[PDB]
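Below: the structure, in structure tokens.
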Amino acid sequence: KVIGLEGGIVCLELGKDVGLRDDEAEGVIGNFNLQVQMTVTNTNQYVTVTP
Amino acid sequence: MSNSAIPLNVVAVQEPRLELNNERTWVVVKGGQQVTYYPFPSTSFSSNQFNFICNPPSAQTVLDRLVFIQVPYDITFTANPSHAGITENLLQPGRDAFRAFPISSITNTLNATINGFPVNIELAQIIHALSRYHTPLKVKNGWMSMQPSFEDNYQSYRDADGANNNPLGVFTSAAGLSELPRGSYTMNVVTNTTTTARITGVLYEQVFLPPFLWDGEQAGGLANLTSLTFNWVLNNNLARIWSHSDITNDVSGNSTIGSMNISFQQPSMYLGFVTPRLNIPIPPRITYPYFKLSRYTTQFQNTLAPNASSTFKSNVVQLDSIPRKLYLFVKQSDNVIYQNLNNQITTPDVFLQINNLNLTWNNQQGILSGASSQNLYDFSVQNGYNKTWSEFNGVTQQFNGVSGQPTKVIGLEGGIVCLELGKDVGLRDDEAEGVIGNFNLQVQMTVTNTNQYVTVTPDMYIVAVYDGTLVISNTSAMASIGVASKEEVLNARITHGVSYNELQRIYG
């Protein structure tokens, strides 16, 4: 028996693993955009997860 | 040099094979870093609408001018009884295609709002006559190639079979390095038997209307907008996308196809945004050229054919300001070909052959009135027409070698005159190519139906493009029309730097 255990929840600090063009830091305003295209797998055996 | 009459000035030029000196300056080409493309899938798609509301990423990033959309689609055909039967596949090797350009003529109107003040155009009737007008072979094998792109050149589809330039054939049978026919275009055929066909794929149609550009040649895209958004609406019928041939429909009928239906999925636009680099700053507000084209249209009651002639005039209109140039043609009418759909799928686009055209600018009456139909085809081709003489004035004899079968005459599809409005219409002293206003127009033009079968009620169309400034400064979009003053048009000193040919280069 294969058991689903849970999922990752990644978090990337904005200066740390994103990198920001010079003159940018966690305070500074403003107006930028973000969109996350991300592939995933349902692990749970029993039910269909509508995501 | 100073030998003749009034003496001239000497200059010498080196032949190409040798300068060998001149001043050779190394030129570093630079453009901002980060050019990226997004696919904005339309929010609120429907069966009679598409709406793509997308926002510029930073509002400090210039937006490139070419834009296009892609729609996945699905059609089911089915055979009517009678005509029946019937024993051939409902889709035929040489007698079947998309109309060009498909997802265009099908759409009733398109309006994109920038920044946002709306700029919208009429895509159903405008475009089919706008296509002929500015594209060289260089272009019709470039950007224009993403959608079916081969225009109807036979007065009747039935005749075409089987030519080497039948406007809707297989890819094999278009001679090397030329524009293919519209049965070239790729798409899955899930089924195809007698009584049923069913096809699927995806078509890329680029948007027209300024300032988005369908020429290949490019110019600085619109920054610094804060939000833009397109909005189609398609007219009801939707049977206009497909095309057909009479050659298979034969009978007391009637035909093989009637009827069939379409289905769309998630369409999406495709925008592109460069970023300029932090060294070179672009101005806070900035001015763009901007064109608007809007068609005026009469309808008549008189029915003329199969090759008989007559004469027509069109209700006066009052232009606010001189269009920079206007087009005029008589096409087969709308009131027909929107009934009993077999007509919709089997009538080509083509216009009737012109005999002569006299028109009136403000108060003049009878302009051009004595210019031979031949002499109308001289301009354009000087404003960029692009079809051989025999195509304009469409008629073509082609005879049969036996005793005794009379020679067969085909309509070769008619012509469409475009007269650039200062270039060869002439305007009173101190009147520019676009100043307010306001001057009547009235087009009196005799025509002949050259299509062998059958009769046709016609309509007249006259599409006038105006030339306005448009200043997009965030976040306002003022758009003054008639930019030059009547006093400024007198004594605006001529220049010898600019070439007029370079201005007719910038479409348009």
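Residue numbers start at 1 in each chain; chains themselves are named A, B, ... in the order of the structure tokens; ligands are numbered from 1 in the order shown.
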Quick one: which residues from chain A are at most 8 Å off chain B, using only C-alpha atoms, as a PyMOL selection string? chain A and resi 31-33
Could you pull the residues within 9 Å of region 147-158 of chain B, counting only C-alpha atoms, minus those fewer than 2 positions along the same chain, as JSON, numbers by chain? {"B": [95, 98, 99, 100, 101, 102, 103, 128, 131, 132, 140, 144, 145, 160, 161, 165, 166, 167, 168, 179, 180, 181, 182, 183, 184, 185, 203, 204, 205, 206, 244, 245, 246, 247, 248, 346, 347, 348, 349, 350, 351, 352, 391, 394, 410, 411, 412, 413, 414, 450, 451, 452, 453]}
Would you return as a ChimeraX atom specification the members of region 298-421 of chain B that DSSP assigns to strand (DSSP E) on this structure's backbone? /B:298-299,309-312,317-321,325-332,353-360,396-398,408-410,417-420
Keeping only N, CA and C atoms, take the residues you just selected and write them out as a short mmCIF file (atom, residue, chain, number, x, y, z; two decimals), in the first residue's frame.
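selection.cif was written with the following content:
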data_model
loop_
_atom_site.label_atom_id
_atom_site.label_comp_id
_atom_site.auth_asym_id
_atom_site.auth_seq_id
_atom_site.Cartn_x
_atom_site.Cartn_y
_atom_site.Cartn_z
N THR B 298 -24.65 52.22 -49.94
CA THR B 298 -26.02 52.26 -50.44
C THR B 298 -26.48 50.86 -50.80
N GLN B 299 -27.78 50.64 -50.88
CA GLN B 299 -28.30 49.40 -51.44
C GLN B 299 -29.36 49.68 -52.47
N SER B 309 -25.45 45.60 -68.37
CA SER B 309 -24.91 46.80 -67.72
C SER B 309 -25.97 47.80 -67.26
N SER B 310 -25.54 48.78 -66.47
CA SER B 310 -26.39 49.87 -65.98
C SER B 310 -25.55 50.92 -65.27
N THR B 311 -26.21 51.78 -64.49
CA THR B 311 -25.58 52.94 -63.88
C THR B 311 -26.18 53.20 -62.49
N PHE B 312 -25.38 53.75 -61.57
CA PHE B 312 -25.81 53.94 -60.18
C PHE B 312 -25.19 55.17 -59.51
N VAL B 317 -22.79 62.13 -48.73
CA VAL B 317 -22.25 62.07 -47.37
C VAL B 317 -21.46 63.36 -47.13
N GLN B 318 -21.25 63.74 -45.88
CA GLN B 318 -20.52 64.97 -45.57
C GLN B 318 -19.32 64.63 -44.72
N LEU B 319 -18.14 64.60 -45.31
CA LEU B 319 -17.00 64.20 -44.53
C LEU B 319 -16.68 65.32 -43.58
N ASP B 320 -16.28 64.99 -42.37
CA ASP B 320 -15.87 66.02 -41.45
C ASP B 320 -14.64 66.71 -42.00
N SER B 321 -13.72 65.91 -42.53
CA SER B 321 -12.44 66.38 -43.03
C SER B 321 -11.94 65.50 -44.15
N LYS B 325 -7.20 59.46 -48.23
CA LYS B 325 -7.51 58.73 -49.47
C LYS B 325 -8.73 57.83 -49.31
N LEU B 326 -9.52 57.62 -50.37
CA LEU B 326 -10.68 56.72 -50.27
C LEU B 326 -10.82 55.65 -51.38
N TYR B 327 -11.42 54.51 -51.05
CA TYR B 327 -11.61 53.36 -51.95
C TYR B 327 -13.06 53.29 -52.35
N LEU B 328 -13.35 52.82 -53.57
CA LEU B 328 -14.74 52.70 -54.01
C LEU B 328 -14.91 51.45 -54.83
N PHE B 329 -15.87 50.61 -54.48
CA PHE B 329 -16.16 49.43 -55.30
C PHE B 329 -17.62 48.99 -55.23
N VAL B 330 -18.08 48.28 -56.26
CA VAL B 330 -19.43 47.73 -56.24
C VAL B 330 -19.34 46.24 -56.08
N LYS B 331 -19.76 45.74 -54.93
CA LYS B 331 -19.73 44.31 -54.64
C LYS B 331 -21.13 43.71 -54.71
N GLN B 332 -21.22 42.41 -54.97
CA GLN B 332 -22.48 41.68 -54.86
C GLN B 332 -23.08 41.87 -53.45
N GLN B 353 -17.29 44.24 -62.47
CA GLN B 353 -16.41 45.03 -63.35
C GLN B 353 -16.89 46.47 -63.58
N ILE B 354 -16.01 47.45 -63.37
CA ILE B 354 -16.33 48.87 -63.55
C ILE B 354 -16.16 49.30 -65.01
N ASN B 355 -17.08 50.12 -65.50
CA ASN B 355 -16.97 50.68 -66.85
C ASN B 355 -16.38 52.08 -66.84
N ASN B 356 -16.88 52.92 -65.94
CA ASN B 356 -16.31 54.24 -65.68
C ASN B 356 -16.80 54.75 -64.34
N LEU B 357 -16.11 55.75 -63.81
CA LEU B 357 -16.49 56.35 -62.55
C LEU B 357 -16.37 57.85 -62.63
N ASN B 358 -17.47 58.55 -62.40
CA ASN B 358 -17.42 59.98 -62.15
C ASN B 358 -17.87 60.26 -60.73
N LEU B 359 -17.18 61.15 -60.03
CA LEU B 359 -17.55 61.47 -58.66
C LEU B 359 -17.51 62.96 -58.44
N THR B 360 -18.01 63.40 -57.29
CA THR B 360 -17.97 64.81 -56.92
C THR B 360 -17.34 65.08 -55.55
N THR B 396 -12.53 37.10 -69.36
CA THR B 396 -11.52 36.28 -70.05
C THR B 396 -12.14 35.22 -70.94
N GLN B 397 -11.87 35.34 -72.22
CA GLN B 397 -12.26 34.33 -73.17
C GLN B 397 -11.27 33.17 -73.06
N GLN B 398 -11.73 31.96 -73.36
CA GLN B 398 -10.89 30.77 -73.34
C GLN B 398 -11.56 29.65 -74.16
N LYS B 408 -16.05 29.32 -74.31
CA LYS B 408 -16.58 29.66 -72.98
C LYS B 408 -15.93 30.88 -72.33
N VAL B 409 -16.79 31.80 -71.88
CA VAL B 409 -16.35 33.04 -71.28
C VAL B 409 -16.48 32.91 -69.78
N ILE B 410 -15.44 33.30 -69.05
CA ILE B 410 -15.44 33.30 -67.59
C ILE B 410 -15.32 34.72 -67.07
N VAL B 417 -11.30 50.62 -57.30
CA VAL B 417 -10.51 51.84 -57.47
C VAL B 417 -10.14 52.48 -56.15
N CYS B 418 -8.90 52.91 -56.03
CA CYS B 418 -8.51 53.73 -54.90
C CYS B 418 -7.88 55.00 -55.42
N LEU B 419 -8.43 56.13 -54.99
CA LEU B 419 -7.90 57.41 -55.38
C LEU B 419 -7.41 58.17 -54.17
N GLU B 420 -6.10 58.39 -54.13
CA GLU B 420 -5.48 59.16 -53.07
C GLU B 420 -5.95 60.61 -53.24
#
Please list as an MDAnalysis selection string every residue within 9 Å of residue 15 (chain A), counting only C-alpha atoms and excluding residues in the same chain fewer than 6 positions away. chainID A and resid 24:26
May I have the selected residues written with C-alpha atoms, as an mmCIF file, in the first residue's frame?
data_model
loop_
_atom_site.group_PDB
_atom_site.id
_atom_site.type_symbol
_atom_site.label_atom_id
_atom_site.label_comp_id
_atom_site.auth_asym_id
_atom_site.auth_seq_id
_atom_site.Cartn_x
_atom_site.Cartn_y
_atom_site.Cartn_z
ATOM 1 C CA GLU A 24 15.053 47.154 -5.544
ATOM 2 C CA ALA A 25 14.425 45.969 -1.987
ATOM 3 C CA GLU A 26 11.591 44.556 0.158
#
Per DSSP on the backbone, filter region 59-227 of chain B down to the residues in helix (DSSP H, G or I) and report them as a PyMOL selection string. chain B and resi 102-105+127-130+137-140+143-145+157-160
I want to know what sits within 10 Å of residue 7 (chain A), based on only C-alpha atoms, with residues of the same chain fewer than 2 positions away left out; could you give that as JSON, numbers by chain? {"A": [4, 5, 9, 10, 40, 41, 42, 43]}
What's the 8 Å shell around residue 432 (chain B), counting only C-alpha atoms, without same-chain residues fewer than 6 positions away, as a PyMOL selection string? chain B and resi 422+484+486+489
Take the selection from the previous step and output its residues with N, CA, C and O atoms, as an mmCIF file, in the first residue's frame.
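File written: out23.cif
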data_model
loop_
_atom_site.group_PDB
_atom_site.id
_atom_site.type_symbol
_atom_site.label_atom_id
_atom_site.label_comp_id
_atom_site.auth_asym_id
_atom_site.auth_seq_id
_atom_site.Cartn_x
_atom_site.Cartn_y
_atom_site.Cartn_z
ATOM 1 N N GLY B 422 -5.486 63.853 -52.428
ATOM 2 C CA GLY B 422 -4.790 65.052 -52.880
ATOM 3 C C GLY B 422 -3.883 64.691 -54.037
ATOM 4 O O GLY B 422 -3.580 65.537 -54.886
ATOM 5 N N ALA B 484 -3.576 70.302 -38.729
ATOM 6 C CA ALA B 484 -3.017 71.536 -39.321
ATOM 7 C C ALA B 484 -4.060 72.639 -39.510
ATOM 8 O O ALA B 484 -5.180 72.358 -39.934
ATOM 9 N N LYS B 486 -5.801 76.062 -41.266
ATOM 10 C CA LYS B 486 -5.931 76.514 -42.652
ATOM 11 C C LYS B 486 -4.956 77.633 -43.025
ATOM 12 O O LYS B 486 -4.628 77.816 -44.200
ATOM 13 N N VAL B 489 -1.382 76.052 -43.626
ATOM 14 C CA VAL B 489 -1.285 75.203 -44.823
ATOM 15 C C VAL B 489 -0.783 75.988 -46.027
ATOM 16 O O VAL B 489 -0.063 75.445 -46.857
#
Would you list the contacts of residue 78 (chain B) as an NGL selection string, taking every protein, DNA or RNA residue within 8 Å and counting only C-alpha atoms, but skipping same-chain residues closer than 5 positions in sequence? :B and (90 or 195-197 or 257-260)
Work out how far apart CA of residue 430 (chain B) and CA of residue 490 (chain B) are and give it in Å to one decimal. 5.2 Å
For residue 110 (chain B), please output as a PyMOL selection string all residues within 9 Å (counting only C-alpha atoms; exclusion window: fewer than 2 positions along the same chain). chain B and resi 107-108+112+120-123+207-209+230-234
